[PDB]
Structures are given as structure tokens and as C-alpha cells.
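Listing of my_file.txt; format and content: compact mmCIF, N, CA, C and O atoms.
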```txt
# COMPACT_ATOMS: atom_id res chain seq x y z
N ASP A 208 19.92 10.88 -70.76
CA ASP A 208 18.79 10.28 -71.47
C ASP A 208 17.52 11.09 -71.28
O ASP A 208 16.74 11.27 -72.22
N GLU A 209 17.31 11.59 -70.07
CA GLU A 209 16.12 12.36 -69.76
C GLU A 209 16.06 13.64 -70.58
O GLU A 209 15.00 14.03 -71.07
N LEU A 210 17.20 14.30 -70.74
CA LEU A 210 17.26 15.53 -71.52
C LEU A 210 16.89 15.24 -72.97
O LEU A 210 16.16 16.00 -73.60
N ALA A 211 17.41 14.13 -73.50
CA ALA A 211 17.12 13.73 -74.87
C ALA A 211 15.64 13.42 -75.03
O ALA A 211 15.02 13.77 -76.04
N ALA A 212 15.08 12.76 -74.02
CA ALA A 212 13.67 12.38 -74.02
C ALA A 212 12.76 13.60 -74.05
O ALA A 212 11.73 13.60 -74.72
N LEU A 213 13.15 14.64 -73.32
CA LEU A 213 12.36 15.87 -73.25
C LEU A 213 12.23 16.50 -74.63
O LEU A 213 11.16 16.99 -75.00
N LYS A 214 13.32 16.51 -75.39
CA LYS A 214 13.30 17.08 -76.74
C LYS A 214 12.34 16.29 -77.62
O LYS A 214 11.58 16.87 -78.40
N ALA A 215 12.38 14.97 -77.49
CA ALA A 215 11.50 14.08 -78.25
C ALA A 215 10.04 14.32 -77.87
O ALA A 215 9.15 14.32 -78.72
N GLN A 216 9.82 14.53 -76.57
CA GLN A 216 8.48 14.77 -76.04
C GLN A 216 7.90 16.06 -76.61
O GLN A 216 6.70 16.14 -76.89
N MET A 217 8.75 17.06 -76.79
CA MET A 217 8.28 18.35 -77.32
C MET A 217 7.50 18.21 -78.64
O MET A 217 6.43 18.83 -78.73
N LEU A 218 7.90 17.39 -79.63
CA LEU A 218 6.94 16.84 -80.59
C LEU A 218 5.85 16.03 -79.89
O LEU A 218 4.66 16.35 -80.02
N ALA B 53 25.86 -23.06 -87.65
CA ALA B 53 25.95 -22.22 -86.47
C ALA B 53 26.12 -20.76 -86.88
O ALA B 53 25.53 -19.87 -86.27
N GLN B 54 26.91 -20.52 -87.92
CA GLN B 54 27.14 -19.17 -88.41
C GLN B 54 25.83 -18.57 -88.91
O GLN B 54 25.55 -17.40 -88.65
N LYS B 55 25.05 -19.37 -89.61
CA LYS B 55 23.76 -18.92 -90.13
C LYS B 55 22.82 -18.58 -88.98
O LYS B 55 22.09 -17.60 -89.03
N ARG B 56 22.85 -19.42 -87.94
CA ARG B 56 21.99 -19.21 -86.78
C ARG B 56 22.33 -17.90 -86.07
O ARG B 56 21.44 -17.16 -85.65
N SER B 57 23.62 -17.62 -85.93
CA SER B 57 24.07 -16.39 -85.29
C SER B 57 23.62 -15.18 -86.10
O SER B 57 23.20 -14.16 -85.55
N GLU B 58 23.72 -15.30 -87.43
CA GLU B 58 23.31 -14.22 -88.32
C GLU B 58 21.82 -13.96 -88.17
O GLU B 58 21.38 -12.81 -88.15
N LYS B 59 21.04 -15.03 -88.07
CA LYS B 59 19.60 -14.91 -87.89
C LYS B 59 19.30 -14.21 -86.57
O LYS B 59 18.43 -13.34 -86.49
N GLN B 60 20.04 -14.59 -85.53
CA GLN B 60 19.88 -13.98 -84.22
C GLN B 60 20.27 -12.51 -84.29
O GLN B 60 19.60 -11.65 -83.71
N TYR B 61 21.35 -12.23 -85.01
CA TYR B 61 21.83 -10.87 -85.19
C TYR B 61 20.79 -10.06 -85.96
O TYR B 61 20.52 -8.90 -85.63
N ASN B 62 20.20 -10.69 -86.97
CA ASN B 62 19.18 -10.04 -87.78
C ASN B 62 17.96 -9.70 -86.93
O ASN B 62 17.36 -8.64 -87.08
N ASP B 63 17.59 -10.63 -86.05
CA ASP B 63 16.45 -10.43 -85.16
C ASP B 63 16.71 -9.24 -84.24
O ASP B 63 15.81 -8.44 -83.99
N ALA B 64 17.94 -9.14 -83.74
CA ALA B 64 18.31 -8.04 -82.86
C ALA B 64 18.20 -6.72 -83.62
O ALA B 64 17.71 -5.72 -83.09
N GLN B 65 18.67 -6.73 -84.87
CA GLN B 65 18.60 -5.55 -85.72
C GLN B 65 17.14 -5.19 -85.98
O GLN B 65 16.76 -4.02 -85.96
N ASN B 66 16.33 -6.22 -86.22
CA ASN B 66 14.90 -6.03 -86.47
C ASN B 66 14.22 -5.45 -85.25
O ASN B 66 13.35 -4.58 -85.36
N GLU B 67 14.62 -5.93 -84.07
CA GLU B 67 14.06 -5.45 -82.81
C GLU B 67 14.37 -3.97 -82.63
O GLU B 67 13.52 -3.20 -82.18
N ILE B 68 15.59 -3.57 -82.98
CA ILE B 68 16.00 -2.18 -82.86
C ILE B 68 15.15 -1.31 -83.79
O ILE B 68 14.74 -0.22 -83.42
N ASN B 69 14.90 -1.82 -85.00
CA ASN B 69 14.08 -1.10 -85.97
C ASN B 69 12.67 -0.94 -85.44
O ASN B 69 12.05 0.11 -85.58
N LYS B 70 12.15 -2.01 -84.82
CA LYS B 70 10.81 -1.99 -84.24
C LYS B 70 10.76 -0.97 -83.11
O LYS B 70 9.78 -0.23 -82.97
N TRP B 71 11.82 -0.93 -82.30
CA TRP B 71 11.92 0.01 -81.19
C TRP B 71 11.96 1.44 -81.71
O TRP B 71 11.37 2.34 -81.11
N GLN B 72 12.65 1.65 -82.83
CA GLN B 72 12.75 2.97 -83.44
C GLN B 72 11.36 3.46 -83.86
O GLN B 72 11.03 4.63 -83.69
N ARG B 73 10.56 2.55 -84.42
CA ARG B 73 9.20 2.88 -84.83
C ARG B 73 8.37 3.26 -83.60
O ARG B 73 7.58 4.21 -83.64
N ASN B 74 8.57 2.53 -82.51
CA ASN B 74 7.89 2.79 -81.25
C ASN B 74 8.29 4.16 -80.71
O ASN B 74 7.46 4.90 -80.18
N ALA B 75 9.57 4.49 -80.85
CA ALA B 75 10.09 5.78 -80.39
C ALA B 75 9.42 6.92 -81.14
O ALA B 75 9.08 7.95 -80.56
N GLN B 76 9.22 6.74 -82.45
CA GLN B 76 8.55 7.75 -83.27
C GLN B 76 7.11 7.92 -82.78
O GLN B 76 6.61 9.04 -82.69
N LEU B 77 6.46 6.80 -82.47
CA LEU B 77 5.10 6.81 -81.95
C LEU B 77 5.06 7.49 -80.58
O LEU B 77 4.13 8.23 -80.27
N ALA B 78 6.09 7.23 -79.78
CA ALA B 78 6.20 7.79 -78.44
C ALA B 78 6.29 9.31 -78.48
O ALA B 78 5.70 9.99 -77.64
N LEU B 79 7.03 9.85 -79.44
CA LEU B 79 7.18 11.29 -79.54
C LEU B 79 5.83 11.96 -79.78
O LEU B 79 5.51 12.97 -79.16
N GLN B 80 5.02 11.38 -80.67
CA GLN B 80 3.70 11.92 -80.95
C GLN B 80 2.83 11.80 -79.71
O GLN B 80 2.08 12.72 -79.36
N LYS B 81 2.93 10.65 -79.05
CA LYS B 81 2.17 10.38 -77.84
C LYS B 81 2.55 11.35 -76.73
O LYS B 81 1.70 11.84 -76.00
N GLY B 82 3.85 11.61 -76.63
CA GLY B 82 4.37 12.50 -75.61
C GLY B 82 4.61 11.80 -74.27
O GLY B 82 4.88 12.47 -73.27
N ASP B 83 4.51 10.48 -74.24
CA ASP B 83 4.70 9.73 -73.01
C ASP B 83 6.20 9.51 -72.76
O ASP B 83 6.90 8.99 -73.63
N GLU B 84 6.70 9.90 -71.59
CA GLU B 84 8.11 9.74 -71.25
C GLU B 84 8.56 8.28 -71.15
O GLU B 84 9.66 7.93 -71.59
N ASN B 85 7.71 7.44 -70.57
CA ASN B 85 8.06 6.03 -70.36
C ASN B 85 8.32 5.23 -71.64
O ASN B 85 9.26 4.44 -71.69
N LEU B 86 7.50 5.43 -72.66
CA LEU B 86 7.68 4.69 -73.91
C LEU B 86 9.01 5.05 -74.57
O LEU B 86 9.73 4.18 -75.06
N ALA B 87 9.34 6.34 -74.58
CA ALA B 87 10.58 6.80 -75.18
C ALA B 87 11.80 6.27 -74.43
O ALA B 87 12.78 5.86 -75.04
N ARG B 88 11.72 6.27 -73.10
CA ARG B 88 12.81 5.80 -72.27
C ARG B 88 13.09 4.32 -72.47
O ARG B 88 14.24 3.89 -72.52
N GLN B 89 12.02 3.53 -72.58
CA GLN B 89 12.16 2.09 -72.76
C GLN B 89 12.86 1.75 -74.07
O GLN B 89 13.71 0.87 -74.12
N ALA B 90 12.49 2.46 -75.14
CA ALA B 90 13.09 2.21 -76.45
C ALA B 90 14.59 2.52 -76.47
O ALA B 90 15.38 1.76 -77.03
N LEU B 91 14.97 3.64 -75.85
CA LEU B 91 16.37 4.03 -75.82
C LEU B 91 17.24 3.04 -75.05
O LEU B 91 18.33 2.69 -75.50
N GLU B 92 16.74 2.58 -73.91
CA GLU B 92 17.48 1.62 -73.09
C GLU B 92 17.64 0.30 -73.82
O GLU B 92 18.71 -0.31 -73.80
N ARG B 93 16.57 -0.14 -74.47
CA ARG B 93 16.57 -1.39 -75.22
C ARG B 93 17.53 -1.34 -76.39
O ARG B 93 18.20 -2.33 -76.70
N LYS B 94 17.57 -0.21 -77.08
CA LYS B 94 18.46 -0.05 -78.22
C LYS B 94 19.93 -0.15 -77.82
O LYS B 94 20.73 -0.79 -78.51
N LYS B 95 20.29 0.48 -76.70
CA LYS B 95 21.67 0.47 -76.24
C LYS B 95 22.20 -0.92 -75.86
O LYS B 95 23.30 -1.29 -76.25
N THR B 96 21.41 -1.68 -75.11
CA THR B 96 21.83 -3.03 -74.72
C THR B 96 21.92 -3.93 -75.94
O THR B 96 22.85 -4.74 -76.07
N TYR B 97 20.96 -3.78 -76.84
CA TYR B 97 20.92 -4.58 -78.06
C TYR B 97 22.13 -4.29 -78.93
O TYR B 97 22.71 -5.20 -79.52
N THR B 98 22.52 -3.02 -79.00
CA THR B 98 23.68 -2.63 -79.80
C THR B 98 24.93 -3.29 -79.24
O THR B 98 25.77 -3.79 -79.99
N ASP B 99 25.06 -3.30 -77.92
CA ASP B 99 26.20 -3.93 -77.26
C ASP B 99 26.18 -5.43 -77.55
O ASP B 99 27.21 -6.04 -77.83
N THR B 100 24.99 -6.02 -77.47
CA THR B 100 24.81 -7.44 -77.74
C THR B 100 25.15 -7.74 -79.19
O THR B 100 25.78 -8.76 -79.49
N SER B 101 24.74 -6.85 -80.09
CA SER B 101 25.00 -7.01 -81.51
C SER B 101 26.50 -6.99 -81.77
O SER B 101 27.01 -7.76 -82.58
N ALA B 102 27.21 -6.09 -81.09
CA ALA B 102 28.65 -5.98 -81.25
C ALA B 102 29.31 -7.28 -80.80
O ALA B 102 30.23 -7.78 -81.46
N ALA B 103 28.84 -7.83 -79.69
CA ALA B 103 29.37 -9.08 -79.17
C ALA B 103 29.09 -10.20 -80.16
O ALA B 103 29.95 -11.05 -80.41
N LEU B 104 27.89 -10.20 -80.72
CA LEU B 104 27.48 -11.20 -81.69
C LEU B 104 28.35 -11.09 -82.94
O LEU B 104 28.76 -12.10 -83.52
```

Would you write the structure of this file as C-alpha cells?
Amino acid sequence: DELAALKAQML
Amino acid sequence: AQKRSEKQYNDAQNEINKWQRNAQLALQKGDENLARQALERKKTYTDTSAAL
């Protein structure tokens, strides 16, 4: 989940 | 009773949609906590929806 969140955060 | 369950199911679906909107907002915000909360909520709701 954290990895997925990081990608979202990049926006 | 069937109608009531459908309404409850609809509410759960609506909640997921609301969470999705929040997730979109979270990405722009860049806050890790908001994004994490939405994902966790969506997963439990989906399981609940399946049970429903």
C-alpha cells in the first residue's frame, strides 16, 4: 500500500 | 428487507465513490495519511459489499 501511495503522492 | 439491504449497499458504494474523490484530492495535497485512509476504507467496504 505504501508503494502505491508514493506513486499517488508524486502528483 | 431486500430494499433496505440495497439501500445499505448503495450507501457503501456511495461511500467508496466519496473516498475515491478524497483520494484524488489527497494526491494533489500530497499528504500520505489521507491517501492511506481512503485505500483501507475502500478495501473493507468492498469486502462488506460482497457479503451484502

| request: For chain A, list the residues within 6 Å of chain B, counting only N, CA, C and O atoms, and write the list as a PyMOL selection string. | output: chain A and resi 215-218

| Contact residues around residue 67 of chain B with only C-alpha atoms at 9 Å, ignoring same-chain residues under 3 positions, as a list in words |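 So, after excluding close chain neighbours, the residues are residues 62, 63, 64, 70, 71, 72, 93, 94 and 97 of chain B.
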
Store the residues picked out above in a file with N, CA, C and O atoms, as a compact mmCIF listing (two decimals), in the coordinates of the input.
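The result, written out as again18.txt:
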```
# COMPACT_ATOMS: atom_id res chain seq x y z
N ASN B 62 20.20 -10.69 -86.97
CA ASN B 62 19.18 -10.04 -87.78
C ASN B 62 17.96 -9.70 -86.93
O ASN B 62 17.36 -8.64 -87.08
N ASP B 63 17.59 -10.63 -86.05
CA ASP B 63 16.45 -10.43 -85.16
C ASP B 63 16.71 -9.24 -84.24
O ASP B 63 15.81 -8.44 -83.99
N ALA B 64 17.94 -9.14 -83.74
CA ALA B 64 18.31 -8.04 -82.86
C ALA B 64 18.20 -6.72 -83.62
O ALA B 64 17.71 -5.72 -83.09
N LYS B 70 12.15 -2.01 -84.82
CA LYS B 70 10.81 -1.99 -84.24
C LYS B 70 10.76 -0.97 -83.11
O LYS B 70 9.78 -0.23 -82.97
N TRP B 71 11.82 -0.93 -82.30
CA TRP B 71 11.92 0.01 -81.19
C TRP B 71 11.96 1.44 -81.71
O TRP B 71 11.37 2.34 -81.11
N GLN B 72 12.65 1.65 -82.83
CA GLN B 72 12.75 2.97 -83.44
C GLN B 72 11.36 3.46 -83.86
O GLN B 72 11.03 4.63 -83.69
N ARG B 93 16.57 -0.14 -74.47
CA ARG B 93 16.57 -1.39 -75.22
C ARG B 93 17.53 -1.34 -76.39
O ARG B 93 18.20 -2.33 -76.70
N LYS B 94 17.57 -0.21 -77.08
CA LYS B 94 18.46 -0.05 -78.22
C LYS B 94 19.93 -0.15 -77.82
O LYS B 94 20.73 -0.79 -78.51
N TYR B 97 20.96 -3.78 -76.84
CA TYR B 97 20.92 -4.58 -78.06
C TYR B 97 22.13 -4.29 -78.93
O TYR B 97 22.71 -5.20 -79.52
```

| What does the distance between atom CA of residue 61 of chain B and atom CA of residue 101 of chain B come to in Å, to one decimal place? |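 Atom CA of residue 61 of chain B sits 6.2 Å away from atom CA of residue 101 of chain B.
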
| How would you write, as JSON, numbers by chain, the set of residues in chain A that DSSP gives as helix (DSSP H, G or I)? | {"A": [209, 210, 211, 212, 213, 214, 215, 216, 217]}

| note | A straight line from atom N of residue 90 of chain B to atom N of residue 74 of chain B spans 8.3 Å

| query | Do you have the atom C of residue 57 of chain B-atom C of residue 100 of chain B distance handy? | reply |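 According to the coordinates, atom C of residue 57 of chain B and atom C of residue 100 of chain B are separated by 10.3 Å.
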